[PDB]
Amino acid sequence: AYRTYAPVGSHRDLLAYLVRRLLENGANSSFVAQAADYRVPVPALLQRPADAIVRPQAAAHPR
Amino acid sequence: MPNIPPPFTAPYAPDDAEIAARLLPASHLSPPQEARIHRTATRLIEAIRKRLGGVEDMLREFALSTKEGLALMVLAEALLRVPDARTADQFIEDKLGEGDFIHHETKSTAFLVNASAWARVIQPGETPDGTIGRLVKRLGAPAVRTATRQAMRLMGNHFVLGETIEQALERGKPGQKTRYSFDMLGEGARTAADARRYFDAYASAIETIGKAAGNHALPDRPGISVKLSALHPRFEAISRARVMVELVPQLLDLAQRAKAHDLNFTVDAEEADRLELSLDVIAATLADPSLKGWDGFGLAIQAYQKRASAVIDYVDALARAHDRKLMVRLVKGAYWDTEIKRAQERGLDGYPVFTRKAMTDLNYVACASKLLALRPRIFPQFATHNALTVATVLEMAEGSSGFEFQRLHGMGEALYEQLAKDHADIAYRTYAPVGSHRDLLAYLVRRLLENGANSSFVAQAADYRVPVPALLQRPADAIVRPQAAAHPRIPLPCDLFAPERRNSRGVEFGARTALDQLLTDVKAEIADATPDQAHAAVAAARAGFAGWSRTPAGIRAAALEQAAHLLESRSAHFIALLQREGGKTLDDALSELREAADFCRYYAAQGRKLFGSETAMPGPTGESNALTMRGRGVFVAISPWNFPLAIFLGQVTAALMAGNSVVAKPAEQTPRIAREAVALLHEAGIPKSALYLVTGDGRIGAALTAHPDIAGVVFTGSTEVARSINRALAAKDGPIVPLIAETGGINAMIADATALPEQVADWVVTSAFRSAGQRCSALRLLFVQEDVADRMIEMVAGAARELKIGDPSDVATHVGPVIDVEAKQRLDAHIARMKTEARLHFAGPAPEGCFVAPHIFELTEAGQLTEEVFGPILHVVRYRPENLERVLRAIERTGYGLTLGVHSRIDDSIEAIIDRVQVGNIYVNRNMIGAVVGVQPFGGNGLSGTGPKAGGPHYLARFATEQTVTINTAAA
Amino acid sequence: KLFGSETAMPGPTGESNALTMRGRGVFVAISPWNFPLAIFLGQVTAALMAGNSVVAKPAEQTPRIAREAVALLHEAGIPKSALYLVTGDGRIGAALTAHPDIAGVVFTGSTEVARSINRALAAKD
Amino acid sequence: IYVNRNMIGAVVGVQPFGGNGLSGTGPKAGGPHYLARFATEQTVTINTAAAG
Ligand SMILES: Cc1cc2nc3c(=O)[nH]c(=O)nc-3n(C[C@H](O)[C@H](O)[C@H](O)COP(=O)(O)OP(=O)(O)OC[C@H]3O[C@@H](n4cnc5c(N)ncnc54)[C@H](O)[C@@H]3O)c2cc1C
Ligand SMILES: Cc1cc2nc3c(=O)[nH]c(=O)nc-3n(C[C@H](O)[C@H](O)[C@H](O)COP(=O)(O)OP(=O)(O)OC[C@H]3O[C@@H](n4cnc5c(N)ncnc54)[C@H](O)[C@@H]3O)c2cc1C
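See below:
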């Protein structure tokens, strides 16, 4: 099963919603953006999260 | 009425800065000129960025390498020629991307030369290998199918193709006129039969295009593009005499057929080393009276060449002298990467082309300016898909008449549509690629490099990350200053190894002044020892060892570098010797002279690193530990007849550099070059007490190697003699001394169906028959996939028939004599045997004298070749793709392991072959010969040699011995 | 340092040239009694590190230490197929070094035996 | 060569140990030229021009 949601509302509420929505479809880390970028190989999209962290002390972002 | 111009001979590679010094000021344009250009160009680009586009869009859309684009277009063409479209659709959905990745790639490429080859059950879980498998792993199978369908629309819309020229021509048919001129696919005939085929294709194209030319006058009639390399199988400067006599009547015949339909007839421009020869051919053809009263004859001129402006002058003078009107095509140039690589390999003193893109763009505009001023006698054709270039040429014409633009079908469409909307009197010619499947691969490769190139205008305009203003930067603003004309990150060939060492100088045979001077300089240019004299030589070398070993490494290195300088200073003398005593052709002699000097400079540089200072070892406090390398003693150097200067000097200078004294015994056939080399080393700084020459037979060689006082042997030659040397050394009761032995090989090459047959054929001919096959690295055994075997074999045979066999001092000679009568007898005996044992594909005609001509035999199996045969004799085995393991085993079985060639588009196949074999030198997609010092460390294993590799970083240490000095420093 | 990566050679644009170092084949390692562990292991791990498989013949006086060392190497990650211990006399040592399929010999011991080994190697075709 | 200390107990990677003449062939055990002797060189040359 999957549920599909449609955004529903008035024009006066669109801008606030569009802003929040666009940050994600534009983000480089976003899966959706990457899967649409054919420079990114399928195997790279399948890296396990644990293999990217490797070690507890690396949990926080270094920068 | 004016004089026919002298043969074209502009300087090949002048300095970029001097050219930029004239081009930069002259490119200046007033503000209103720049404003018109800016507006026109902005409008063209806006139109470009508005359909279903080109190759560039496909490469960008799927982020494809050029190799991947190539594989898909090849697969696309094969799928377009399946009789039933539903069959293709079924294949695409159900087979493609599911598996059989390499099979699909191999078959679709084989289809291009052998249509019957292309017409299973795919097991699941197949590892994705090959170009298509790797593509599938990266993008997924559905995207690959989608990319293949797009390649199919590109192949179907932008190329006019068939199995034969008749099928292509029928397909490209419009009582209408063709809206396209024909860019014919063919180039580089490898055989006489290819040259006739291309001739007939051009002739057929001209009738088809004539029957549909419409009723207007030039320039509003179709054109055909022609390549001189397609019309003659040895189209090269050294074969000029035969080219002038053979090619001209063919080119004339086609020009006449074209004139009869009042067509535009254009001779394409090819590599820089063919410029002069082509201008010779073109001039002699144009001179014929049968071409009067026709304004369509012409040629392409490449602005990326420094010589372009001079070519324009030459062409104008040609036109005035014969009172003709010419249509002249200005292009930038399609061979840039090739010109860079060739100038580097050939050790030229510069590049014939500019190395900054903006310099080409500058020179193009300057040349367009020049061409426009030669109207109306010259009708300029500006072939470019650059919107800025178009806008700039348009401004400078100040009108729209007396010239045209040109483009290739599938490129520049939106640009030129928009140009025509904004300027209704503008003419542009559109060319369609037309030809046979067997000529597609060579053309696709050249085409794809451009649509893939990052600097390419077309690629950039299709990349929306690149702002319109960036596409409109003026070329002069990118260069700024003359001294910035050359590309900062591309060294001149003489600096290719800087700062490690200098590169030897070569000569461009395609520059007649350079070749004539070399031929002139060259034309202007021994008792055995008793066994007692050999023993006295060892003893004298033993005495000189103490002082030579203690001479500082920098001093020893300086002598090698001075020897290199003297060799290059006296190259003509040494080349003459190599030709007369060695029997070598001019290119082989020059190459050997370069290699000799490269050995000196390389061992000198490695010598300083290795012997120049001690290595400090880590250790406890209060103690020092230093490792040094000292000369061993007296080395005996035994050298062969086939590289009687370079291998002679390589072995000798290595031993000397390590701090050994040397007794050198050259091959019996070549003592004169050995004696000159030794005198040169002495003159360069090698003391008489450190180097002695002893000449004579194997008895003399055995006297040297049996001597109890020698510290090592360096040997290049026969396998049997190496073992006898090894046994004589092992028999002594003294020290076990090093033996460095380089011996022969039965060198193989593997070619699959993804390899371009014309290219393989070139590389096979070179590798097997160059130097009459008297190189240790020479191809002896070709393995070729059965699907392309007939075509590959026929092409190698046809190419081998074009080789001139004869006197090595004649410039036109390709194959000189074998070294002596005994060599010829052994070769002729192997030939007689193979004739009764194996299929004969080619047996060339030898001149009277000590000559053996190229022979080609096909063996039922590799095991029929049991000996190294040191001559121009190729053996071929055809194999089935699934039986590659049998091929690899066959190669392993000989026990040799010197060189191996691999020809394939498929990286997984190449890598699998490299992983499997233990061969010393592997050459992928090029010839198997001419190892370059310090670039290809050369040497084999198994029956082929002991190591270490000559011309590599492990060689010098073998000639030396280690010493550790440990000092208790605690008292300090 | 040596086998971990290929060495890129200078050369022309449009061409790559890489130098690698590969195992030769089967090495015969012959070791003395006086350093029956360290010289035994020095010679063996050197050959193995270079990517050769090894047949090791220790001195007749000291096989127990050799067998323990070989067993330790196996446990450390050397596959059984890459390393074998053969014990015995000089005659067994001579059988190993006369074998036509071996790719090299590393030997520590007497001068006379080295020469006999060297002659046996040179005698092969 | 050992200066002002004993002549024995060569340390691996500190005193690369081995002789010449009747004493040995080289290269020295425990030194930087040893491993190469156990190996064979291979040169791989690839014409990369078709790629760019
Ligand atoms: C129907 C629906 C309803 C939703 N309702 C809500 C809601 O009520 N409240 C709400 O907050 N979200 C909500 N979301 C989630 C939000 O809208 C995004 O869609 C979601 O976070 C994307 O995750 P993913 O698995 O699609 O994509 P991915 O590309 O896998 O994941 C992206 C997410 O990773 C996280 N992230 C990115 N960078 C970093 C970083 N450097 N460090 C740590 N985390 C990082 C962010 O949460 C980001 O959204 C909803 C989504 C859907 C589809
Ligand atoms: C109909 C037609 C016929 C042609 N016939 C021929 C022919 O007979 N012979 C031939 O050689 N060419 C020929 N060409 C040219 C070649 O095919 C390319 O199409 C052309 O060079 C592209 O130039 P441009 O103005 O389209 O593109 P751009 O993107 O403006 O220019 C690219 C060009 O710049 C040059 N270049 C790239 N990098 C550098 C650099 N670092 N330093 C210096 N220069 C650089 C190259 O020549 C390259 O092709 C022909 C082109 C057409 C359309």
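Residue numbers (the authors' numbering), protein chains in the order written: chain A, 437 to 499; chain B, 1 to 50, 54 to 122, 128 to 182, 185 to 535, 542 to 988; chain C, 625 to 749; chain D, 938 to 989.
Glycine included, every Cβ here is placed at the ideal spot set by N, Cα and C.
(message) If you reduce the DSSP assignment to three classes, tell me which class B:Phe104 lands in.
(response) Translated into the one-based positions of the second sequence, residue 104 of chain B becomes position 101. In the three-state scheme derived from DSSP, where H, G and I count as helix and E and B as strand, B:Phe104 is classed as helix.
(request) Note the first and the last residue of the continuous beta strand (DSSP E) segment covering B:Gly968. (result) As a first step, residue 968 of chain B is located in the second sequence; it is residue number 952 there, counting from the start. Per DSSP, B:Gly968 lies in no beta strand (DSSP E) and is assigned neither H nor E.
(message) Just verifying my parser: in three-state terms, what is the DSSP assignment at B:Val554?
(response) Numbered from 1 along the second sequence, position 538 holds the residue referred to as residue 554 of chain B. Reduced to three states, the DSSP call for B:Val554 is helix.
(message) Let me check you understand the geometry: is the CB of B:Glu246 closer than 7 Å to at least one non-hydrogen atom of ligand 1?
(response) Your numbering for residue 246 of chain B matches position 236 in the second sequence. Taken from the Cβ of B:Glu246, every heavy atom of ligand 1 lies 7 Å or farther away.
(request) Give a yes or no on whether 8 Å exceeds the smallest Cβ distance from B:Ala151 to chain A. (result) If you number the second sequence from 1, residue 151 of chain B lands on position 143. In terms of beta-carbon proximity, B:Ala151 lines the interface with chain A, with at least one pair separated by less than 8 Å.
(request) Decide if the stretch 395-414 of chain B is in contact with the stretch 429-443 of chain B; the criterion is three or more beta carbon pairs, one per stretch, under 8 Å apart. (result) The stretch 395-414 of chain B is in contact with the stretch 429-443 of chain B.
(message) Taking 8 Å as the threshold (beta carbon to beta carbon), is C:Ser677 in contact with chain D?
(response) Walking along the third sequence from the start, residue 677 of chain C turns up at place 53. Not an interface residue.
(request) Reducing DSSP to helix, strand and coil, say where B:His723 ends up. (result) Counting from one through the second sequence, the residue named residue 723 of chain B turns up at place 707. Correct three-state label for B:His723: coil.
(request) Starting from the beta carbon of A:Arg475, find every residue of chain B whose beta carbon is closer than 8 Å, and list them in chain order. (result) Start at 1 with the first residue of the first sequence, and residue 475 of chain A comes out as number 39. By Cβ distance, chain B contributes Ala66.
(request) Note down, one range per segment and in chain order, each beta strand (DSSP E) of at least 3 residues found wholly within the stretch 342-420 of chain B. (result) Segments of the beta strand (DSSP E) lying fully in the stretch 342-420 of chain B: 388-393, 414-418.
(request) Inspect the CB distances between the stretch 153-171 of chain B and the stretch 934-948 of chain B and report whether three or more fall short of 8 Å. (result) Touching, no.
(request) Pull up the distance between the alpha-carbon of B:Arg796 and that of B:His891, whole angstroms please. (result) In the second sequence, the residue the question calls residue 796 of chain B occupies position 780. In the second sequence, the residue the question calls residue 891 of chain B occupies position 875. B:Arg796 and B:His891: Cα-Cα distance of roughly 6 Å.
(message) Can you give me the C-alpha to C-alpha distance between B:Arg572 and B:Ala670, rounded to a whole angstrom?
(response) Within the second sequence, the letter at position 556 stands for residue 572 of chain B. Within the second sequence, the letter at position 654 stands for residue 670 of chain B. Pairing B:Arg572 with B:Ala670, the inter-Cα distance amounts to about 10 Å.
(message) Distance cutoff 8 Å, beta carbons only. Does D:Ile983 sit that close to anything in chain C?
(response) The residue labelled residue 983 of chain D in the question sits at position 46 within the fourth sequence. Yes - at least one Cβ of chain C is within 8 Å of the one on D:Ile983.
(request) Return the Cβ separation of B:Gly761 and B:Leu914 in integer angstroms, given the expectation that the two are a contact with Cβ distance under 8 Å. (result) Within the second sequence, residue 761 of chain B is the residue found at index 745, counting from 1. Within the second sequence, residue 914 of chain B is the residue found at index 898, counting from 1. That belief holds up - the Cβ atoms of B:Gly761 and B:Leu914 are roughly 3 Å apart, short of 8 Å.
(request) Please confirm whether any heavy atom of ligand 2 lies closer than 7 Å to the CB of B:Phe364. (result) Here residue 364 of chain B refers to the residue found at position 354 when the second sequence is read from its first residue. Inclusion of B:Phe364 in the 7 Å shell around ligand 2 follows from its C-beta lying nearer than that to a non-hydrogen atom of the ligand.
(message) Using 8 Å as the threshold, is the C-beta distance between B:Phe799 and B:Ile756 below it?
(response) Residue numbering aside, residue 799 of chain B sits at position 783 when the second sequence is read from its first letter. Residue numbering aside, residue 756 of chain B sits at position 740 when the second sequence is read from its first letter. Contact: no.
(request) Give the DSSP-derived three-state secondary structure of A:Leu481 in the structure shown. (result) Counting from one through the first sequence, the residue named residue 481 of chain A turns up at place 45. Helix at A:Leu481.
(message) Measuring straight from C-alpha to C-alpha, what distance separates A:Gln483 and A:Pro477?
(response) The residue given as residue 483 of chain A occupies position 47 in the first sequence. The residue given as residue 477 of chain A occupies position 41 in the first sequence. Cα to Cα, A:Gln483 sits roughly 11 Å from A:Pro477.
(message) Suppose the cutoff is 7 Å on Cβ atoms and the five residues either side in sequence are ignored; what does the same chain contact list for B:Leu381 look like?
(response) If you number the second sequence from 1, residue 381 of chain B lands on position 371. Around B:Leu381: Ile322, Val338, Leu340, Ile388, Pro390.
(request) Decide if the stretch 672-689 of chain C is in contact with the stretch 643-662 of chain C; the criterion is three or more beta carbon pairs, one per stretch, under 8 Å apart. (result) With a cut-off of 8 Å, the stretch 643-662 of chain C and the stretch 672-689 of chain C count as touching, because enough Cβ pairs lie within range.
(message) Quick check on the contact list: which residues have their beta carbon closer than 7 Å to a heavy atom of ligand 1?
(response) Qualifying residues, in the order they occur: A:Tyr441, A:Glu460, A:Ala463, A:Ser465, A:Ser466, A:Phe467, A:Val468, A:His497.
(message) Closer than 7 Å to a non-hydrogen atom of ligand 2 - does that hold for the CB of C:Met633?
(response) By 1-based counting over the third sequence, the position of residue 633 of chain C is 9. Residue side-chain check: C:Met633 keeps its Cβ at 7 Å or more from all non-hydrogen atoms of ligand 2.
(message) Against chain C, with Cβ distances strictly below 8 Å, would D:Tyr971 count as a contact?
(response) In the fourth sequence, the residue the question calls residue 971 of chain D occupies position 34. Closer than 8 Å: yes.
(message) Let me check understanding here. Comparing Cα to Cα, which of B:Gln775, B:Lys840, B:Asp803 lies closest to B:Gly789?
(response) Start at 1 with the first residue of the second sequence, and residue 789 of chain B comes out as number 773. Put simply, of B:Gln775, B:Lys840, B:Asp803 the residue whose alpha carbon is nearest the alpha carbon of B:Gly789 is B:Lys840.
(message) Following a CB-centred definition, is B:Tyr345 positioned closer than 7 Å to any heavy atom of ligand 2?
(response) For the purposes of this step, residue 345 of chain B is taken as the residue at position 335 of the second sequence. True, at least one ligand heavy atom lies under 7 Å from that Cβ.
(message) For B:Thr276, report the span of its beta strand (DSSP E) as first-last.
(response) Looking up residue 276 of chain B in the second sequence gives position 266. Unbroken beta strand (DSSP E) run through B:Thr276: 274-277.
(request) Report all residues from its chain with a CB closer than 6 Å to the CB of B:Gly649; omit the five preceding and five following residues, and keep chain order. (result) Position 633 of the second sequence, counted from the first residue, corresponds to residue 649 of chain B. Its chain contains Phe561, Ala727 as the residues whose beta carbon lies nearer than 6 Å to that of B:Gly649, once the 5 sequence neighbours on both sides are disregarded; these appear in chain order.
(request) Could you spell out where the beta strand (DSSP E) holding B:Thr637 opens and where it closes? (result) Walking along the second sequence from the start, residue 637 of chain B turns up at place 621. No beta strand (DSSP E) contains B:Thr637, which DSSP labels as neither H nor E.
(request) Please compile the residues from chain C whose C-beta is within a distance smaller than 7 Å of the C-beta of B:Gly968. (result) Residue numbering aside, residue 968 of chain B sits at position 952 when the second sequence is read from its first letter. Ordered by position in chain C, the residues that pass the 7 Å Cβ test against B:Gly968 are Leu643.
(message) Please list, in chain order, the chain B residues whose beta carbon lies closer than 8 Å to that of A:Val478.
(response) Taking the first residue of the first sequence as position 1, residue 478 of chain A is located at position 42. Going along chain B in sequence order, the residues near A:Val478 (Cβ under 8 Å) are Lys145, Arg146, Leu147, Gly148.
(request) Taking only runs that begin and end inside the stretch 570-630 of chain B, name each unbroken alpha helix (DSSP H) of 4 or more residues, in chain order. (result) Whole alpha helix (DSSP H) segments, 4+ residues: 587-596, 602-627.
(request) Check the Cβ-Cβ distances between B:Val730 and every residue of chain D, and say whether any is below 8 Å. (result) Within the second sequence, numbered from 1, the residue matching residue 730 of chain B stands at position 714. No, B:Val730 lies away from the interface with chain D (no Cβ there is under 8 Å from its Cβ).
(message) DSSP three-state label for B:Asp193, please.
(response) Within the second sequence, numbered from 1, the residue matching residue 193 of chain B stands at position 183. Here B:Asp193 sits in strand by DSSP.
(request) Could you work out which residues of chain B lie near D:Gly946, taking near to mean beta carbons separated by less than 8 Å? (result) Residue 946 of chain D sits at position 9 when you count from the first residue of the fourth sequence. Under a criterion of Cβ atoms nearer than 8 Å, no residue of chain B is adjacent to D:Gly946; the nearest Cβ is some 11 Å distant.
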